[PDB]
Amino acid sequence: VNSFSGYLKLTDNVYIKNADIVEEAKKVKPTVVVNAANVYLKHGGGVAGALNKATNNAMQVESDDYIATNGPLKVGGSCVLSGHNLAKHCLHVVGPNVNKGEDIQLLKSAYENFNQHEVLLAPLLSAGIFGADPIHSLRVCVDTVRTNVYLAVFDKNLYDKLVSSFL
Ligand SMILES: *c1cc(C(C)(C)C)cc(O)c1O
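The rules behind each value
- Residues numbered from 1 in each chain as written, not as in the entry; some residues may be left out.
- Heavy atoms only, no water.
- Residues with missing side-chain atoms left out of burial classes, pairs and counts.
- Core = buried A, V, L, I, M, F, W, Y, C linked by side-chain atoms within 4.5 Å.
- Buried < 20%, exposed > 50% of the residue type's maximum accessible area, 1.4 Å probe, protein only.
- Helix = DSSP H or I, 4+ residues; strand = E, 2+ residues; numbered from the N terminus.
- Contact = heavy atoms within 4.5 Å.
- Near = heavy atom within 4 Å.
- Areas by Shrake-Rupley, 256 points an atom, 1.4 Å probe, with all protein chains shown as cover.
- Nonpolar A, V, L, I, M, F, W, Y, C, P; charged D, E, K, R; others polar.

1. Quick word on the nonpolar core
Residues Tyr111, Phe114 and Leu151 are the most contacted members of the largest nonpolar core, which totals 26 residues. Elements with a contribution of two residues or more to this core: β2 (14–18), β3 (32–36), β5 (89–93), α4 (106–112), β6 (119–122), α5 (134–144), β7 (148–153) and α6 (156–164). With four residues, α5 is the single largest residue contributor to this core. Not counting the four nearest positions on each side in its chain, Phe114 is found in contact with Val34, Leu91, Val93, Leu120, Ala122, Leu125, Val145, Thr147 and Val149. Residues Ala19, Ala25, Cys90 and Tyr150 belong to the second largest nonpolar core, which totals 17 residues.

2. Things to note about the site of the ligand
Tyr66, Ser78, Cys79, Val80 and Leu81 make up every residue found near the ligand. Protein contacts shield 44% of the accessible area of the ligand, which totals 330 Å² for the unbound molecule. The dominant element in the shell around the ligand, judged by the number of residues it contributes, is strand β4 (residues 78–82), at four residues. A breakdown of the residues in the shell around the ligand according to their chemical character gives four nonpolar, one polar and no charged.

3. A look at the environment of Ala87
Following the sequence through the fold, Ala87 ends up in the loop between β4 and β5. Between the C-alpha atom of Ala87 and that of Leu120, which follows or precedes it by 33 residues, the distance is 10.0 Å. In contact with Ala87, not counting residues within four places along its chain, are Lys29, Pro30, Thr31, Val32 and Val33.

Right, dumping it as structure tokens:
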């Protein structure tokens, strides 16, 4: 049993809810919250900007130190850092950004990072301002992630479309 409430069960291991991931993290304090990161860990907008704002910029300060030491992530790669006030850990995962012309085949590689964690609160990778089709992102998630993933979908209209169209 875990603390996640109000989710619709899509598969054995994938659950979905219309929720603000920031507000969900603050309530649950999951072991792992996933950030929709870029390779520079520049948390300007989208899910990353919202998560970072909720940490009072402490996520960005920590991220800048990481990049200064390690250099940029790979597209499809991830980095576990602090979860600050939101979670124990934040798994920063880089999905391909279609609005930068990145290979959508890298979305499966991105989701494979989730398999290193038994339970996660996450957004749909490469959705929103990363430009991919969220229906596609949900299909790759279900077909890739084997650990237990609780997906937060901010937009109610999109949530209802994801559920209604789910095979
Ligand atoms: C973030 C990222 C990484 C790798 C997997 C080396 C990119 C390591 C690490 O300790 C971290 O915090």
